[PDB]
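Asker: Structure below; questions to follow.
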Amino acid sequence: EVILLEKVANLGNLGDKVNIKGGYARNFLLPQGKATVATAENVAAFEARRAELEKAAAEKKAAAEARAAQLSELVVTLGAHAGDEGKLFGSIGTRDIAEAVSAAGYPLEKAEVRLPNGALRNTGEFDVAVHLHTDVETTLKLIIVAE
Amino acid sequence: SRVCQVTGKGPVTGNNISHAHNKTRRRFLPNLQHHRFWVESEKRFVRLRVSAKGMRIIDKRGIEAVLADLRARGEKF
RNA sequence: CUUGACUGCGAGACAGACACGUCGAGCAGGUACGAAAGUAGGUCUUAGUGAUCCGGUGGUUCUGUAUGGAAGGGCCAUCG
RNA sequence: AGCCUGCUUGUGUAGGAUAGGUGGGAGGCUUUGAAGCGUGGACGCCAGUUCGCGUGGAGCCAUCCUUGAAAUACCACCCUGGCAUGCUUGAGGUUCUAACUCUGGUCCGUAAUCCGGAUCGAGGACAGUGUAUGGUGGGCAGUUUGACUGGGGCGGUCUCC
RNA sequence: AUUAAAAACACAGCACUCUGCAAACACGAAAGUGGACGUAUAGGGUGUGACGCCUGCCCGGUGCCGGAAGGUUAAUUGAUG
RNA sequence: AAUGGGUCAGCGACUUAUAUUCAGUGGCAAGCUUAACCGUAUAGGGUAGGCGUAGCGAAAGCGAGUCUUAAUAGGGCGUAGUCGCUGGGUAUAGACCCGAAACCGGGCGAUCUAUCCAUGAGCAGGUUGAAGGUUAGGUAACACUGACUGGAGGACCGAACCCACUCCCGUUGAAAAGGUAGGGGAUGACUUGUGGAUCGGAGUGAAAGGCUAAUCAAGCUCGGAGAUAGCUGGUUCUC
RNA sequence: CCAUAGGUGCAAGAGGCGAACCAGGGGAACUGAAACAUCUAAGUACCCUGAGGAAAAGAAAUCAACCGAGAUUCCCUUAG
C-alpha cells in the first residue's frame with residue numbers, strides 16, 4: 001500500500017512498497033512522516049526527490065555516530081535514600097527519571113509505559129524500563145546511591 | 001443523534017421475527033466510534049465520530065477531500 | 001396343481017340431508033384348475049378404522065413467462 | 001496445517017544388500033568401485049545402510065555372479081521418514097506503544113472546572129460499542145384451559161359390531 | 001379518609017449472603033443523577049423479632065457455589081458426491 | 001301475587017350506494033348494449049369492453065361431438081337472447097333502533113390524600129427524681145458508704161391540640177360520615193402554617209390492594225368509534 | 001514560536017399563526033377469522049418535520065417477442 005520512507009524499522013527499505021495492516025499505517029507511520037500512500041498523481045515529483053531521499057539516508061545514521069558516545073557513559077548519580085540500612089527506602093522515580101536521562105542524555109521525554117516492573121527493591125544497581133522505541137523497549141541501567 | 005459526519009447514516013427500523021413469525025420492533029444502529037485524524041495543512045488532530053464505513057472512505061480520498069465537502073455542506077469540521 | 005388377494009368397465013337397483021356406503025349380471029383383455037360342461041374380480045356373513053391441506057417417493061411431453069432446455073406445476077400410482 | 005526445494009531416507013520368504021516404484025542403462029573407466037583390514041558419523045522390519053577413506057590416489061556388488069515374485073553400477077520422474085528455511089495460516093504464551101480509555105493531576109478558554117483543547121501519569125490491543133448467533137429469563141405482554149349431566153362439582157362417557 | 005384498631009405492620013436485637021470504588025443496586029433509549037462528596041466497625045437484599053435457656057437428623061428433588069477429564073452443542077468455514 | 005307503563009302534548013325505529021340473481025311489464029332481436037370523455041350540454045357522437053350464437057377435456061388439443069381406454073366396445077357430459085324500469089332476495093360497508101364490562105393513542109391533575117425537601121411556631125399546670133458533682137467516712141490505692149446538690153426520660157397525671165374505643169339519637173339527616181355524653185396520646189418514631197418535588201401498568205405506601213380532587217385489582221378527559229353483543233327491551237294506517 | 005479555537009463590531013435572512021390538501025420520520029388497538037398466537041383491521045387513527053399555491057413524479061441501464069411500442073401524472077376497461 002504505502003511507500004516506505006524510513007530504513008531503521010524491522011521491515012523498512014529505501015523505496016520498496018509493502019502491504020501492511022490498515023491499522024498499522026493509519027495510526028503509526030503516516031501521522032509522523034515515515035511513509036506515504038502510493039499515488040499516480042505526484043509520481044513525477046517523487047522521482048525527482050530520489051536524490052534527496054538518498055542524501056537523507058546518508059545523514060540520519062551520521063548523527064547517530066556523534067550520539068552514542070554520550071549515552072553509555074553511566075555518569076548519572078541518582079540521589080535516592082536508604083544510605084546504609086538495607087531496606088528499600090529510596091525515591092525510585094517514574095516522572096523524575098525522564099528528566100535525569102534528558103539533562104545528560106537524549107532530550108526526548110514521554111513515558112506512556114505499560115509496566116508491572118516499575119519500582120525497584122532494596123539498595124543496589126537495578127534497571128528501569130524507559131521510553132526507547134515505539135513498538136519495543138529494553139530496560140536502562142540506573143545507579144542508586146546514598147543521599 | 002446517532003448520525004455520521006461523513007456518510008449520513010441514521011438509525012432505521014424493522015422487525016425481530018421469531019420461529020413462529022411473532023413480529024416485534026427493533027432498531028438498526030450504525031457502528032460509529034470516536035477517532036482522531038491528523039491533517040497536515042492545519043497540522044492538528046481533528047476528532048469526529050464516524051462509522052466504520054467512514055473509515056474506509058477516508059482511506060480512499062485521504063483526509064481533506066472529505067473534510068472540505070463537509071464544510072461545503074456547512075458543518076463544524 | 002396354483003395365483004382370479006387380476007387390468008379397463010359396468011345395465012340395474014338397495015339405502016340415504018350431504019360427503020362416504022352395499023350387491024352386480026354382462027362385455028373386452030390376458031390367466032389357474034377340470035376329460036368337458038363350468039368355477040374363480042379374496043376368507044360362512046356382519047366389527048378391525050380418519051376428509052381436506054401439507055410435504056415424500058415411482059411412472060409420466062400435458063404445460064414449460066423472448067427462444068432451446070431445465071426448475072416448478074399438472075395427471076396416474078403409492079407413503080406419513 | 002498447507003508450500004517449496006534438493007530431496008539424500010526405502011532393512012520382512014530370500015539375493016551379496018535393499019524393494020514405493022514406471023522408462024533409459026547391461027554393467028558401469030571422475031581418484032577405475034582403489035581397493036582391502038579396519039577410521040567416526042548418524043544411523044538400523046540391526047550388526048542392515050549411507051557418507052571420510054587411516055594408509056594411500058591402490059578394483060570393485062557382478063553388469064543372473066547370484067538367488068529373489070521385480071538385480072544391482074550408473075540418468076530420469078515423483079513420494080516418504082523427515083532434514084533443514086522459506087513462503088503463507090490457524091491456536092496459545094510473553095512483551096511493547098501509536099489506536100481507543102481515564103467519574104487522575106496542573107495550565108488555558110474563564111470571573112465557571114460543565115465542556116473542550118494542550119501536556120505529563122495510569123491502563124492498553126484488553127475494556128467498551130455496532131451487527132450475526134447460543135444460553136438464562138412470570139422481570140414483562142398477548143392468550144388458551146371442551147361437551148353430555150333428573151342443578152354442576154367429583155366420577156363415568158365421546159368411534160365402530 | 002366513609003361498617004374491621006387487632007393476635008396484623010413496625011421495632012431495638014440476631015443470623016445469612018452479595019459489594020474493593022468508575023462498587024453491588026436503582027432510575028433513565030442515551031448523557032447523566034441517587035448511592036455517597038460515603039470506603040467492608042461501610043453499603044444493598046432476605047428471613048426472625050427485647051430478655052432468659054436453647055436451636056436435633058436428611059444434600060436424594062429443586063436452586064446457588066466449585067471443577068474440568070470426557071460426551072453431545074450455535075452461527076462461521078465448505079472438502080466430497 | 002311475572003315484565004313494563006302517573007296522565008297529556010310534541011319528536012322516536014327496515015334507509016342509501018355500488019355489484020349480482022329471480023319474477024312482473026317494455027325496447028330492438030342471431031344479435032342487444034355502450035363506460036369514461038367530447039358536445040350549441042337531458043339530444044348527438046363514443047362499440048374499447050361485456051353477455052350471447054357450441055361443447056368435451058386437468059391440459060395440449062380436437063370439434064356437433066369429445067373425454068376415459070389397448071377402444072373402434074361400453075359409459076359421462078353435449079347437441080332466443082340482450083339492455084332498461086319497478087318489486088323479492090344476496091354480497092360488502094354502522095346496515096331495523098337503543099344498551100355493556102373492557103382494550104389502545106395524545107394530553108390534564110400531588111390546592112384532597114401518600115411519603116420526602118427548605119424555612120417558620122405550637123405544647124396551661126402539677127409530679128417523679130437517673131447519671132454526675134461536691135463534701136464526710138473509706139481504701140496502699142481503686143473499691144465502697146453517708147449527706148448536699150443535681151435535673152435524665154419515645155417517664156407519670158392533666159387542659160389547648162391531634163385522633164376515633166363504646167352506647168344512644170340521626171338515616172327524606174342540621175351533616176353524600178355529624179352531634180351529646182364518656183375515651184387514648186399529650187417533649188416527641190410529635191402536631192401544624194407557607195413554598196416546592198415525585199403520575200397512569202406510573203407513582204407513593206410502619207403493607208390495608210390503601211390513597212393519587214366526594215371516582216381506583218390500575219384515574220379523569222378527548223380521539224380510534226355509530227367498538228363487539230348466537231343476549232334482553234321496543235318496532236307505528238285498513239281489508 | 002508561528003496560528004486555529006475564542007471574543008467584539010457590522011450587513012443580510014429566519015422564528016410565529018392558519019381549516020383541508022401534499023411528501024417524509026414514528027407508528028397502535030378494538031374488531032374479523034363464529035375461540036386464537038401467522039394473517040386481517042392497517043402503514044388506517046394519532047403524534048412530529050418540511051414546503052407549495054398545489055405538491056410529488058418525469059425524458060428509458062423502460063416494456064414487449066423476433067412484431068414492435070418511446071417521458072410522467074389522472075379517469076374507464078382488462079379482472080375480482
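By order in the C-alpha cells, chains are A, B, ...; within a chain, residues start at 1; ligands start at 1, following the order shown.
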Give me the residues within 12 Å of residue 138 (chain A) as a PDB file with N, CA and C atoms (P, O5', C5', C4', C3', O3' and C1' of nucleotides), in the first residue's frame, counting only C-alpha atoms (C1' of nucleotides) and dropping any in the same chain fewer than 6 places off.

Answerer:
ATOM      1  N   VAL A 113       3.954   4.130  29.449  1.00  0.00           N
ATOM      2  CA  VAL A 113       4.625   2.842  29.570  1.00  0.00           C
ATOM      3  C   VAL A 113       3.716   1.860  30.298  1.00  0.00           C
ATOM      4  N   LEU A 115       3.735  -1.166  32.448  1.00  0.00           N
ATOM      5  CA  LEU A 115       4.756  -1.860  33.214  1.00  0.00           C
ATOM      6  C   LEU A 115       4.264  -2.318  34.581  1.00  0.00           C
ATOM      7  N   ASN A 117       6.785  -3.799  36.378  1.00  0.00           N
ATOM      8  CA  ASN A 117       8.126  -3.884  36.946  1.00  0.00           C
ATOM      9  C   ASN A 117       8.745  -2.496  37.101  1.00  0.00           C
ATOM     10  N   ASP A 127      17.416  -1.904  37.109  1.00  0.00           N
ATOM     11  CA  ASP A 127      17.041  -1.431  35.785  1.00  0.00           C
ATOM     12  C   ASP A 127      15.629  -0.857  35.785  1.00  0.00           C
ATOM     13  N   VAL A 128      15.440   0.239  35.049  1.00  0.00           N
ATOM     14  CA  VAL A 128      14.139   0.876  34.878  1.00  0.00           C
ATOM     15  C   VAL A 128      13.806   0.891  33.392  1.00  0.00           C
ATOM     16  N   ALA A 129      12.631   0.367  33.038  1.00  0.00           N
ATOM     17  CA  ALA A 129      12.162   0.391  31.656  1.00  0.00           C
ATOM     18  C   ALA A 129      11.779   1.815  31.274  1.00  0.00           C
ATOM     19  N   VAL A 130      12.469   2.369  30.281  1.00  0.00           N
ATOM     20  CA  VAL A 130      12.292   3.755  29.870  1.00  0.00           C
ATOM     21  C   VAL A 130      11.956   3.759  28.383  1.00  0.00           C
ATOM     22  N   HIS A 131      11.341   4.854  27.929  1.00  0.00           N
ATOM     23  CA  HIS A 131      10.876   5.013  26.551  1.00  0.00           C
ATOM     24  C   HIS A 131      12.065   5.038  25.598  1.00  0.00           C
ATOM     25  N   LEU A 132      12.284   3.932  24.879  1.00  0.00           N
ATOM     26  CA  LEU A 132      13.441   3.832  23.995  1.00  0.00           C
ATOM     27  C   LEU A 132      13.057   3.589  22.542  1.00  0.00           C
TER      28      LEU A 132
ATOM     29  P     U D  95       4.140 -10.004  30.359  1.00  0.00           P
ATOM     30  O5'   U D  95       4.823  -9.007  29.318  1.00  0.00           O
ATOM     31  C5'   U D  95       6.189  -8.649  29.456  1.00  0.00           C
ATOM     32  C4'   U D  95       6.775  -8.102  28.180  1.00  0.00           C
ATOM     33  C3'   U D  95       6.358  -6.697  27.796  1.00  0.00           C
ATOM     34  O3'   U D  95       7.091  -5.709  28.497  1.00  0.00           O
ATOM     35  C1'   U D  95       6.282  -8.110  25.896  1.00  0.00           C
ATOM     36  P     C D  96       6.401  -4.306  28.841  1.00  0.00           P
ATOM     37  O5'   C D  96       6.353  -3.555  27.439  1.00  0.00           O
ATOM     38  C5'   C D  96       7.562  -3.212  26.785  1.00  0.00           C
ATOM     39  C4'   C D  96       7.345  -2.683  25.389  1.00  0.00           C
ATOM     40  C3'   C D  96       6.432  -1.483  25.253  1.00  0.00           C
ATOM     41  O3'   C D  96       7.074  -0.273  25.595  1.00  0.00           O
ATOM     42  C1'   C D  96       5.980  -3.046  23.538  1.00  0.00           C
TER      43        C D  96
END

Asker: Please give the complete set of residues from region 59-129 of chain A that DSSP, run on the backbone, assigns to strand (DSSP E), formatted as a list in words.

Answerer: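 Result set for region 59-129 of chain A (strand (DSSP E)): residues 78, 79, 126, 127, 128 and 129 of chain A.
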
Asker: Run DSSP on the backbone and grab whatever in chain B lands in alpha helix (DSSP H); send it over as an MDAnalysis selection string.

Answerer: chainID B and resid 52:58 64:71

Asker: For chain A, list the residues within 8 Å of chain D, counting only C-alpha atoms (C1' of nucleotides), and write the list as a PyMOL selection string.

Answerer: chain A and resi 23+27-28+110+112-114+134-137

Asker: Please identify all residues of chain B having at least one atom at most 12 Å from any atom of chain E, considering only C-alpha atoms (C1' of nucleotides), and return them as a PyMOL selection string.

Answerer: chain B and resi 1-2+26-27+29

Asker: Can you tell me, as number ranges by chain, what residues are no more than 9 Å from residue 25 (chain A) when counting only C-alpha atoms (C1' of nucleotides), ignoring any on the same chain fewer than 5 positions away?

Answerer: A: 1-2, 20, 30-31, 35

Asker: Generate the output file for the selected residues, N, CA and C atoms, as a PDB file, in the first residue's frame.

Answerer:
ATOM      1  N   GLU A   1       0.818  -1.206   0.000  1.00  0.00           N
ATOM      2  CA  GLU A   1       0.000   0.000   0.000  1.00  0.00           C
ATOM      3  C   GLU A   1       0.857   1.263   0.000  1.00  0.00           C
ATOM      4  N   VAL A   2       1.343   1.643   1.181  1.00  0.00           N
ATOM      5  CA  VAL A   2       2.107   2.876   1.306  1.00  0.00           C
ATOM      6  C   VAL A   2       3.518   2.685   0.763  1.00  0.00           C
ATOM      7  N   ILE A  20       0.731  -3.790   4.340  1.00  0.00           N
ATOM      8  CA  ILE A  20       0.626  -3.913   5.787  1.00  0.00           C
ATOM      9  C   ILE A  20      -0.828  -3.787   6.209  1.00  0.00           C
ATOM     10  N   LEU A  30       2.032   7.028   9.098  1.00  0.00           N
ATOM     11  CA  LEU A  30       1.641   8.264   8.418  1.00  0.00           C
ATOM     12  C   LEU A  30       1.550   9.525   9.282  1.00  0.00           C
ATOM     13  N   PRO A  31       0.995   9.542  10.508  1.00  0.00           N
ATOM     14  CA  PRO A  31       0.953  10.821  11.242  1.00  0.00           C
ATOM     15  C   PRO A  31       2.288  11.284  11.809  1.00  0.00           C
ATOM     16  N   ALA A  35       6.045   7.440   6.069  1.00  0.00           N
ATOM     17  CA  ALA A  35       5.539   6.764   4.882  1.00  0.00           C
ATOM     18  C   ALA A  35       4.604   7.702   4.136  1.00  0.00           C
TER      19      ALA A  35
END

Asker: What are the residues of chain B lining chain D at 10 Å or less? Count only C-alpha atoms (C1' of nucleotides), and put the answer as number ranges by chain.

Answerer: B: 28-36, 51-52

Asker: Would you write out those residues with N, CA and C atoms, as a PDB file, in the first residue's frame?

Answerer:
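This went into selection_10.pdb:
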ATOM      1  N   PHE B  28     -32.062  -0.570  13.992  1.00  0.00           N
ATOM      2  CA  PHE B  28     -30.753  -0.865  13.451  1.00  0.00           C
ATOM      3  C   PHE B  28     -29.878   0.355  13.655  1.00  0.00           C
ATOM      4  N   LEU B  29     -28.815   0.200  14.433  1.00  0.00           N
ATOM      5  CA  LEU B  29     -27.953   1.316  14.808  1.00  0.00           C
ATOM      6  C   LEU B  29     -26.679   1.206  13.998  1.00  0.00           C
ATOM      7  N   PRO B  30     -26.180   2.282  13.456  1.00  0.00           N
ATOM      8  CA  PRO B  30     -24.924   2.188  12.717  1.00  0.00           C
ATOM      9  C   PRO B  30     -23.746   2.082  13.658  1.00  0.00           C
ATOM     10  N   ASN B  31     -22.751   1.273  13.304  1.00  0.00           N
ATOM     11  CA  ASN B  31     -21.483   1.284  14.017  1.00  0.00           C
ATOM     12  C   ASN B  31     -20.865   2.652  13.845  1.00  0.00           C
ATOM     13  N   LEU B  32     -20.382   3.247  14.936  1.00  0.00           N
ATOM     14  CA  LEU B  32     -19.753   4.567  14.866  1.00  0.00           C
ATOM     15  C   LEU B  32     -18.906   4.766  16.112  1.00  0.00           C
ATOM     16  N   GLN B  33     -17.642   5.144  15.927  1.00  0.00           N
ATOM     17  CA  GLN B  33     -16.721   5.349  17.033  1.00  0.00           C
ATOM     18  C   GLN B  33     -16.050   6.704  16.917  1.00  0.00           C
ATOM     19  N   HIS B  34     -15.559   7.194  18.044  1.00  0.00           N
ATOM     20  CA  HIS B  34     -14.729   8.385  18.042  1.00  0.00           C
ATOM     21  C   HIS B  34     -13.337   8.053  17.539  1.00  0.00           C
ATOM     22  N   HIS B  35     -12.730   8.987  16.819  1.00  0.00           N
ATOM     23  CA  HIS B  35     -11.400   8.763  16.287  1.00  0.00           C
ATOM     24  C   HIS B  35     -10.790  10.101  15.928  1.00  0.00           C
ATOM     25  N   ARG B  36      -9.478  10.212  16.063  1.00  0.00           N
ATOM     26  CA  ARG B  36      -8.770  11.430  15.716  1.00  0.00           C
ATOM     27  C   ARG B  36      -8.021  11.267  14.408  1.00  0.00           C
ATOM     28  N   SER B  51     -18.531   6.383  11.149  1.00  0.00           N
ATOM     29  CA  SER B  51     -18.795   4.958  11.117  1.00  0.00           C
ATOM     30  C   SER B  51     -17.534   4.184  10.800  1.00  0.00           C
ATOM     31  N   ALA B  52     -17.662   2.863  10.762  1.00  0.00           N
ATOM     32  CA  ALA B  52     -16.580   2.073  10.200  1.00  0.00           C
ATOM     33  C   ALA B  52     -16.579   2.125   8.684  1.00  0.00           C
TER      34      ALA B  52
END

Asker: Identify, on the basis of only C-alpha atoms (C1' of nucleotides), every residue whose closest approach to residue 42 (chain E) does not exceed 12 Å; exclude the query and any residue fewer than 4 positions from it along the same chain; express the result as a PyMOL selection string.

Answerer: chain E and resi 19-21+23+36+38

Asker: Report as an MDAnalysis selection string all protein, DNA and RNA residues lying within 12 Å of residue 127 (chain F), evaluated on only C-alpha atoms (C1' of nucleotides), omitting residues in the same chain fewer than 3 positions from it.

Answerer: chainID F and resid 155:158

Asker: Could you please take those selected residues and save C-alpha atoms (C1' of nucleotides) as a PDB file, in the first residue's frame?

Answerer:
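As written to disk, selection_14.pdb reads:
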ATOM      1  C1'   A F 155     -41.169   8.772  82.019  1.00  0.00           C
ATOM      2  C1'   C F 156     -46.308   9.776  85.166  1.00  0.00           C
ATOM      3  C1'   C F 157     -51.329  12.709  85.968  1.00  0.00           C
ATOM      4  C1'   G F 158     -53.860  16.667  83.101  1.00  0.00           C
TER       5        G F 158
END

Asker: Applying 12 Å and only C-alpha atoms (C1' of nucleotides), which residues near residue 64 (chain C) remain after dropping the ones on its own chain fewer than 6 positions away? List them as a list in words.

Answerer: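 Skipping anything fewer than 6 positions along the chain leaves residues 70, 71, 72, 73 and 74 of chain C; 59 and 60 of chain F.
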
Asker: Mind running region 7-53 of chain B against region 38-46 of chain G at 12 Å and telling me each contacting residue's nearest atom pair with the distance in Å (one decimal), counting only C-alpha atoms (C1' of nucleotides), chain and number ascending, as JSON lines?

Answerer:
{"residue": "B:17", "atom": "CA", "partner": "G:38", "partner_atom": "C1'", "distance": 11.3}
{"residue": "B:18", "atom": "CA", "partner": "G:38", "partner_atom": "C1'", "distance": 11.1}
{"residue": "B:19", "atom": "CA", "partner": "G:38", "partner_atom": "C1'", "distance": 10.6}
{"residue": "B:20", "atom": "CA", "partner": "G:38", "partner_atom": "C1'", "distance": 7.1}
{"residue": "B:21", "atom": "CA", "partner": "G:38", "partner_atom": "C1'", "distance": 6.3}
{"residue": "B:22", "atom": "CA", "partner": "G:38", "partner_atom": "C1'", "distance": 7.7}
{"residue": "B:23", "atom": "CA", "partner": "G:38", "partner_atom": "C1'", "distance": 9.6}
